[PDB]
Amino acid sequence: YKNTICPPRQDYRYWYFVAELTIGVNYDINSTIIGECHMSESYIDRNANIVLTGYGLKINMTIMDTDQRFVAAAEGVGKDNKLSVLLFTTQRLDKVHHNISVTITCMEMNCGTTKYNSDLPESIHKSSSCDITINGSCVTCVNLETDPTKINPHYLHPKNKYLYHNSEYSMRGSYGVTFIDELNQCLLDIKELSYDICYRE
Amino acid sequence: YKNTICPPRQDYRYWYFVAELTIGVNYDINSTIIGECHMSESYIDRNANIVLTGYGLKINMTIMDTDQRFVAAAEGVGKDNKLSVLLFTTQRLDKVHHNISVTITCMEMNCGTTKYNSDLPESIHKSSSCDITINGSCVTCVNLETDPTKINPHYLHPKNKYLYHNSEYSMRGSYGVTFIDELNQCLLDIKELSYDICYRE
Amino acid sequence: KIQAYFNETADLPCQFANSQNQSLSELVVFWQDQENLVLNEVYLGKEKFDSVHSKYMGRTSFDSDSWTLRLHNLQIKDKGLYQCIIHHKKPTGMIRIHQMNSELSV
Amino acid sequence: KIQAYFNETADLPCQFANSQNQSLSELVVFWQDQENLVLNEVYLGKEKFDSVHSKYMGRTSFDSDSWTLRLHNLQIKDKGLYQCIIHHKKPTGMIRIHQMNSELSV
């Protein structure tokens, strides 16, 4: 017996909180615009992929060697020009850490060629590497918390849907990079934050 | 790493105040007509170009050797038959002065062949030249303040948009020509002025 | 930017490099307040007072060798910045060639 | 998770394995509260106190051989969990390499 990924459907009623991306930008976004984010999902050859167009950025984030496909994403703008991204897949059918590759390109403001391309380790358990690459100089900092233990309280889940998140510390992963001379500051203020669910898929 | 111009989009949410054109006319325009100005933009071979049809004039203004494209323009009519033009590009990715070429043709009143074709220097820093040429005798005076430090207070920016302007004196440029025996008088009264955003692009 | 000293006499220099080395005989050299009132006027080497505002009437002097306006009997009101504008008069059209902005604190 | 004992002196270890075996001379080693206030900062082997919050000002110590923060004169308020964050400073970009979360009960 082998657990397999469920067949693709039009609407997914069961969501798994997989990632918590708080990419910062040095240009101003004032507030969360309803209906701004556009998400395109893919699952080809056991590799999940999500492309997020919104708030001046394209996020092509892919996970290697998984039985999960990205089914949802919610994007919000916090204070000090912070872009929080919440990602949801189907279900966790394995208890192993997965390799992550994220491409962050600027479609507005500081557009340009690749400024950064590196492997960001797990902060905890040191078991995987994030291939980050940034097409632009418009990103202040990147924070990706894979399989978080806590959902952001300002995100209101839909009524007909179901949400599951990780409850064990052993499956948490943290990747972070800063390009400015401040400790952390990838983390948000979470005092006045609102989330918008991306359009397609 | 090289900063590049952002890819073209349908609507541009980030605007950079690049120029302040106050072309005067000897014929009467009483007030700013809503929906009069029509703007056509171009970026071919690193040269920005804008064609402004409105209030009896066509303004074919182009900037050489730039990483900016004209994304917006706002036109208004002040007192003593003054035509203020505000121009907005994407962003300033270089700290050098750019060569400017402006063609002002009269489509109403004193239409005719080229009366003027010259190089107007920078008033400040003497670092660039404006190739001006005027197809008509209907222009009193031309004033072009490239990268101004102050926005005109009577121009009301759209709510969903963002505006950035120059804050350093070193990037200011001034070009001026008068064809009548009055000192200055390119500058407006700015007591009762209203602006209209041009239609296309 | 260049500033001036207290209530004795203010010096307002244009500081024209004159790179083309043209003469003052065809040059329009004049100064102006931040509220956009003309201070002095030179048309072709002769001072013209018609465009000079009445609040600055008969109270300024011009020196051609140093290209400087001397502003006598300073008051408390005139603490704003002053800009000097240099046009090049041509019969085809009058071309502004030089401007500069200076300050004045008393 | 690692906890500490009562109101004498709390030990907060990062427990870095240092698998690549890099030196502390280019390493940014620092601690932080659950309400996300910086405890101590090490930039390149020198403690910096500008980002340290005033409630923890002048009350913590650092030991480099044991990689441990010593937290003296414990109070009743600080019963939350404390996390230590280890970044690797590179001129291309500052990479977070290690984080760990410990607890504190007094």
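Cβ coordinates were reconstructed from backbone atoms using ideal geometry, including for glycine residues, and neighbour counts include every protein chain displayed. Any read-out appearing in this document is the output of simple, stated calculations on the displayed coordinates, not a laboratory observation.
Were the residues from C:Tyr5 through C:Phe49 laid out at 0.36 nm apart, the gain over their Cα-Cα distance would be 13.2 nm. Distance from the Cα centroid of the range A:79-151 to that of the range A:1-74 is 11 Å (rounded to whole angstrom). With r as the distance between the Cβ atoms of B:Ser137 and B:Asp11 and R0 = 41 Å, compute the FRET efficiency 1/(1 + (r/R0)^6) and round to 0.05. For B:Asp11 and B:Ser137, the calculated efficiency is 0.60.
Considering only alpha-carbon pairs that sit under 8 angstrom and 6 or more positions apart, the relative contact order computed for chain B is 29 percent.
GNM remark for chain B: springs join alpha carbons under 10 Å apart, and the peak mean-square fluctuation among B:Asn81, B:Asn135, B:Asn184 falls on B:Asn184.
Annotation for D:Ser61 and D:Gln22: the two label points, set 7 Å from Cα along the Cα-Cβ direction, are 2.9 nm apart.
Report, as an integer, the average count of C-beta atoms from other chains found within 10 Å of each Cβ along A:115-123.
Details: counts 4, 3, 1, 4, 1, 4, 7, 4, 9.
Counting Cβ atoms of other protein chains within 10 Å of each residue's Cβ and averaging gives 4.
Rounded, prolate or oblate: which one fits the range A:58-168, using the alpha carbon gyration tensor with axes a ≥ b ≥ c (rounded when a/c is under 1.5, else prolate when a/b beats b/c, else oblate)? Verdict is oblate for the range A:58-168. Rounded to whole Å, the principal axis extents of the Cα atoms in chain A read 51, 36, 29, largest first.
Over every Cα atom in the protein assembly as shown, the radius of gyration and the widest Cα-Cα span, Dmax, amount to 31.8, 104 Å. Averaged over the residues of B:182-191, the number of partner chain Cβ atoms lying within 10 Å of the residue Cβ comes to 3. Looking at chain B, what % of its DSSP beta bridges pair antiparallel, to the nearest 5? Here the antiparallel bridges make up roughly 85 percent for chain B. Computed on the Cα atoms alone, the convex hull of chain C gives a volume of 101 cubic angstrom per residue.
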